[PDB]
Participant: 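Supplied in structure tokens, the structure appears directly below.
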Amino acid sequence: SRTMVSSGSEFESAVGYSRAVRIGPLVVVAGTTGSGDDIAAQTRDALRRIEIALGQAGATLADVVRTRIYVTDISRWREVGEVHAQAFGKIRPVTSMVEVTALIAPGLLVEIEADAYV
Amino acid sequence: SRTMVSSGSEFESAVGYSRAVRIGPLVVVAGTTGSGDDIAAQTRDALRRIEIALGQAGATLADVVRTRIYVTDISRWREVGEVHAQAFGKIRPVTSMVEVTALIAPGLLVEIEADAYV
Amino acid sequence: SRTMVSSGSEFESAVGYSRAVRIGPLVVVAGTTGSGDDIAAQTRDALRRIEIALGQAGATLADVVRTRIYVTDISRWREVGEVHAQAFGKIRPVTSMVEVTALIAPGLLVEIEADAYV
């Protein structure tokens, strides 16, 4: 039995995708970006939205087994890591962080995916 | 019990990988590129090949819970989204779309992965 | 019941993540880079570390269903493929290989993720 979470955004509309999908104990979360002027704020906001999507799929951050982080400037990995650490210091999912040339819009500095179990 | 799908390509040969693998209800699909001259045609063809690989693993597009899209020019996200939407408007897996510097060959404009359940 | 593997590195410290996590039959492995001067050596070393993390989570390379490979120069895909092939010629998980602008440090030429089942 499959459940899906939508945020009502046009982008989900134009591309045909969900914020989160749950089947069995698996919950997957879409690449998520954040509001905010700088990389730290955007990371916090991206993680807040992941939590919101998770919670609507009956999951919490404690269920997250993997995150994947795309940044436009990996030299700023520490600003991003600090926020990920404040969110996942106990939980400690696996992650990756790689630099990409661009995200969907030029002001967007970080995008985060998540996989959760349970 | 594990089943694997091969397309017989040299690349699978040189790198040692499968188009799709199924164990339990999980089916994972390799990064897939498409034939065609422009981003729309390549997206459609990449999705056709994903379907073919899925079907050989006993799965359909309706089982897909996640896609991940790499593009060489994210300013063309709409051409790609339209095709993803025509394929997944009802199903609505989660996705991500990020721009990369290059794919395996210079004429290749888009690559798509998929995860499916069931 | 969840188990996690740590390597004791500062980076896991700063970012708050695990080398590997297992729940149920799933084992996910973090993006992994390798020591060594050139792309071949770094790929071999990245795969050795994946194996080590897997083994500490009760898994082997034969359980791997997916790898994902980030390289800084995809024109060198053959050097990387040869090593992946020597590791996975029989097993044949699905993969993807894409070029990124940078990894976490400038001398790092390849990063590999893995998903395993069982």
Side-chain angles (χ1 to χ4, degrees), chain A residues 1-33 46 49-50 53-54 56-57 59 66-72 96-117, chain B residues 23-29 31 39-40 43-44 46-47 50 59-103 109-118:
Chain A
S1 186
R2 181 173 170 148
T3 44
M4 308 184 306
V5 176
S6 157
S7 61
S9 75
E10 212 67 36
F11 192 63
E12 280 162 50
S13 194
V15 179
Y17 80 92
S18 295
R19 284 285 312 144
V21 178
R22 168 179 195 152
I23 347 91
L26 188 59
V27 181
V28 298
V29 186
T32 306
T33 60
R49 295 162 190 277
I50 290 170
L54 288 175
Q56 291 180 267
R66 176 190 301 275
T67 56
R68 181 172 291 105
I69 305 171
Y70 310 99
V71 291
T72 59
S96 309
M97 189 190 293
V98 297
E99 193 175 285
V100 293
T101 48
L103 302 165
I104 193 81
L108 301 183
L109 301 177
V110 58
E111 179 162 340
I112 308 179
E113 298 173 350
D115 297 300
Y117 184 101
Chain B
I23 347 91
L26 188 59
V27 181
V28 298
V29 186
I39 215 185
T43 309
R44 289 192 307 264
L47 290 175
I50 290 170
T60 72
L61 293 169
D63 295 314
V64 169
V65 294
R66 176 190 301 275
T67 56
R68 181 172 291 105
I69 305 171
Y70 310 99
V71 291
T72 59
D73 181 349
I74 205 159
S75 82
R76 299 190 285 174
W77 69 269
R78 263 188 189 285
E79 277 196 75
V80 178
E82 283 173 39
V83 176
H84 187 275
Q86 209 83 329
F88 292 110
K90 319 156 290 81
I91 301 149
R92 271 146 103 200
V94 311
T95 359
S96 309
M97 189 190 293
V98 297
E99 193 175 285
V100 293
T101 48
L103 302 165
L109 301 177
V110 58
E111 179 162 340
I112 308 179
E113 298 173 350
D115 297 300
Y117 184 101
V118 177

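All heavy atoms count here, side chains included; hydrogens, waters and symmetry mates do not. The chains referred to below are lettered A, B, ... by the order of the sequence lines, with proteins before strands, and numbering in each begins at 1.
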Participant: Pick one of side chain, backbone, both or neither for A/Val5, based on which atoms fall under 4.5 Å of a heavy atom in chain B.
Facilitator: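 A/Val5 has no heavy atom closer than 4.5 Å to chain B.
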Participant: Of all heavy-atom pairs between B/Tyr117 and A/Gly24, which one has the smallest distance, and what is that distance?
Facilitator: OH-CA, 4.3 Å
Participant: Measure A/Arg2 against the heavy atoms of chain B and call it side chain, backbone, both or neither at under 4.5 Å.
Facilitator: side chain
Participant: How close do A/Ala30 and B/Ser96 get, counting heavy atoms only, and between which atoms?
Facilitator: C-OG, 4.1 Å
Participant: Could you report the tightest heavy-atom contact between B/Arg66 and A/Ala114, atom names first, then the distance?
Facilitator: NH2-O, 3.0 Å
Participant: With sequence neighbours excluded, what pairs up with A/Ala102 under the side chain to side chain contact (heavy atoms under 4.5 Å, CB included) test?
Facilitator: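 Side chain to side chain contact (heavy atoms under 4.5 Å, CB included) list for A/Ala102, sorted by chain: B/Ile74, B/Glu99.
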Participant: I'd like to know which of A/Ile104, A/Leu26, A/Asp115 tops the heavy-atom pair count under 4.5 Å against chain B.
Facilitator: A/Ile104
Participant: Quick one: CE on B/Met97 to OH on A/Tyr17, what's the gap to the nearest 0.5 Å?
Facilitator: 9.5 Å
Participant: What part of B/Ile91 gets closer than 4.5 Å to chain A, counting heavy atoms only: side chain, backbone, both or neither?
Facilitator: both
Participant: Taking side chain as everything from C-beta outward and backbone as N, CA, C, O, which of these in B/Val100 sits under 4.5 Å from a heavy atom of chain A? Side chain, backbone, both or neither.
Facilitator: backbone
Participant: Please report the closest heavy-atom contact between A/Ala14 and B/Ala85, naming both atoms and the distance.
Facilitator: O-CB, 3.4 Å
Participant: Report the option among A/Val21, A/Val28, A/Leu103 that has the most heavy-atom pairs separated by less than 4.5 Å from atoms of chain B.
Facilitator: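 Answer, by heavy-atom pair count under 4.5 Å with chain B: A/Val28.
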Participant: Pick one of side chain, backbone, both or neither for A/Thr32, based on which atoms fall under 4.5 Å of a heavy atom in chain B.
Facilitator: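 Contact with chain B: none, neither part.
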Participant: With respect to chain B, which residue among A/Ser13, A/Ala20, A/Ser18 yields the maximal number of heavy-atom pairs within a distance under 4.5 Å?
Facilitator: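 Looking at each option in turn, the highest pair count goes to A/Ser18.
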